[PDB]
Amino acid sequence: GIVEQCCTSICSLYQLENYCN
Amino acid sequence: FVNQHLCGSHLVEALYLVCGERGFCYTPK
């Protein structure tokens, strides 16, 4: 989930934008 | 700001800046 993708590894725009409504 | 480790409030702030008026979901586990 996000923590894995963006906290414990380096985040990206691609991935963050998936969580937008 | 997005291309780094983003945790806690720093993550939530990145989500807010990227998503703008869309909003988002932050779901830790």
# chains A, B, ... in the order shown; residues from 1 in each chain; ligands from 1
call {"tool": "closest_atom_pairs", "arguments": {"of": "chain B", "to": "chain A", "cutoff": "8 Å", "atoms": "only C-alpha atoms", "output": "CSV"}}
result
residue,atom,partner,partner_atom,distance
B:2,CA,A:12,CA,5.6
B:3,CA,A:12,CA,5.3
B:4,CA,A:10,CA,4.8
B:5,CA,A:10,CA,4.6
B:6,CA,A:7,CA,4.7
B:7,CA,A:7,CA,4.7
B:11,CA,A:7,CA,7.5
B:14,CA,A:16,CA,7.9
B:15,CA,A:16,CA,6.4
B:18,CA,A:17,CA,6.8
B:19,CA,A:20,CA,5.3
B:22,CA,A:21,CA,5.4
B:23,CA,A:21,CA,5.6
B:24,CA,A:20,CA,4.0
B:25,CA,A:19,CA,5.6
B:26,CA,A:19,CA,7.2
B:27,CA,A:2,CA,6.9
B:28,CA,A:3,CA,6.0
B:29,CA,A:1,CA,6.6
call {"tool": "write_last_selection", "arguments": {"atoms": "N, CA and C atoms", "output": "PDB file, in the first residue's frame"}}
result
ATOM      1  N   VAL B   2       8.088  15.048  -4.670  1.00  0.00           N
ATOM      2  CA  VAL B   2       7.469  13.694  -4.599  1.00  0.00           C
ATOM      3  C   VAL B   2       8.500  12.579  -4.646  1.00  0.00           C
ATOM      4  N   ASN B   3       9.728  12.877  -5.088  1.00  0.00           N
ATOM      5  CA  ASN B   3      10.688  11.797  -5.439  1.00  0.00           C
ATOM      6  C   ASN B   3      11.629  11.487  -4.320  1.00  0.00           C
ATOM      7  N   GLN B   4      11.063  11.069  -3.175  1.00  0.00           N
ATOM      8  CA  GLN B   4      11.863  10.895  -1.957  1.00  0.00           C
ATOM      9  C   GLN B   4      11.077   9.967  -1.026  1.00  0.00           C
ATOM     10  N   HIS B   5      11.623   9.585   0.138  1.00  0.00           N
ATOM     11  CA  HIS B   5      10.796   8.876   1.156  1.00  0.00           C
ATOM     12  C   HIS B   5       9.915   9.872   1.826  1.00  0.00           C
ATOM     13  N   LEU B   6       8.618   9.561   1.853  1.00  0.00           N
ATOM     14  CA  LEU B   6       7.610  10.463   2.391  1.00  0.00           C
ATOM     15  C   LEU B   6       6.817   9.684   3.410  1.00  0.00           C
ATOM     16  N   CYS B   7       6.973  10.032   4.682  1.00  0.00           N
ATOM     17  CA  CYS B   7       6.297   9.310   5.753  1.00  0.00           C
ATOM     18  C   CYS B   7       5.501  10.238   6.665  1.00  0.00           C
ATOM     19  N   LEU B  11       3.955  12.562   3.979  1.00  0.00           N
ATOM     20  CA  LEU B  11       3.148  11.812   2.978  1.00  0.00           C
ATOM     21  C   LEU B  11       1.779  12.422   2.677  1.00  0.00           C
ATOM     22  N   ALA B  14       2.244  15.633   0.800  1.00  0.00           N
ATOM     23  CA  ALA B  14       2.523  15.320  -0.654  1.00  0.00           C
ATOM     24  C   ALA B  14       1.228  14.970  -1.355  1.00  0.00           C
ATOM     25  N   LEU B  15       0.429  14.062  -0.744  1.00  0.00           N
ATOM     26  CA  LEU B  15      -0.948  13.721  -1.256  1.00  0.00           C
ATOM     27  C   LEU B  15      -1.804  14.962  -1.434  1.00  0.00           C
ATOM     28  N   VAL B  18      -0.439  17.098  -4.444  1.00  0.00           N
ATOM     29  CA  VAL B  18      -0.615  16.493  -5.743  1.00  0.00           C
ATOM     30  C   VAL B  18      -2.074  16.426  -6.167  1.00  0.00           C
ATOM     31  N   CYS B  19      -2.935  16.049  -5.252  1.00  0.00           N
ATOM     32  CA  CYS B  19      -4.316  15.801  -5.552  1.00  0.00           C
ATOM     33  C   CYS B  19      -5.220  17.048  -5.614  1.00  0.00           C
ATOM     34  N   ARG B  22      -9.271  17.394  -5.753  1.00  0.00           N
ATOM     35  CA  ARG B  22      -9.765  16.015  -5.801  1.00  0.00           C
ATOM     36  C   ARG B  22      -9.903  15.412  -4.448  1.00  0.00           C
ATOM     37  N   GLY B  23      -9.001  15.749  -3.530  1.00  0.00           N
ATOM     38  CA  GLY B  23      -8.868  14.984  -2.294  1.00  0.00           C
ATOM     39  C   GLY B  23      -8.120  13.663  -2.500  1.00  0.00           C
ATOM     40  N   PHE B  24      -8.161  12.765  -1.510  1.00  0.00           N
ATOM     41  CA  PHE B  24      -7.476  11.462  -1.606  1.00  0.00           C
ATOM     42  C   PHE B  24      -7.906  10.568  -0.442  1.00  0.00           C
ATOM     43  N   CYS B  25      -7.421   9.408  -0.543  1.00  0.00           N
ATOM     44  CA  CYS B  25      -7.354   8.430   0.536  1.00  0.00           C
ATOM     45  C   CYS B  25      -5.890   8.066   0.927  1.00  0.00           C
ATOM     46  N   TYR B  26      -5.574   8.013   2.330  1.00  0.00           N
ATOM     47  CA  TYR B  26      -4.227   7.749   2.932  1.00  0.00           C
ATOM     48  C   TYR B  26      -4.516   6.491   3.785  1.00  0.00           C
ATOM     49  N   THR B  27      -4.033   5.315   3.368  1.00  0.00           N
ATOM     50  CA  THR B  27      -4.474   4.067   4.035  1.00  0.00           C
ATOM     51  C   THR B  27      -3.357   3.136   4.454  1.00  0.00           C
ATOM     52  N   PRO B  28      -2.850   3.366   5.623  1.00  0.00           N
ATOM     53  CA  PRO B  28      -1.607   2.827   6.077  1.00  0.00           C
ATOM     54  C   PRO B  28      -1.416   1.326   6.202  1.00  0.00           C
ATOM     55  N   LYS B  29      -2.398   0.442   6.227  1.00  0.00           N
ATOM     56  CA  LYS B  29      -1.947  -0.962   6.255  1.00  0.00           C
ATOM     57  C   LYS B  29      -2.874  -2.012   5.759  1.00  0.00           C
TER      58      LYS B  29
END
call {"tool": "select_by_dssp", "arguments": {"residues": "chain A", "states": "helix (DSSP H, G or I)", "output": "number ranges by chain"}}
result
A: 2-7, 13-18
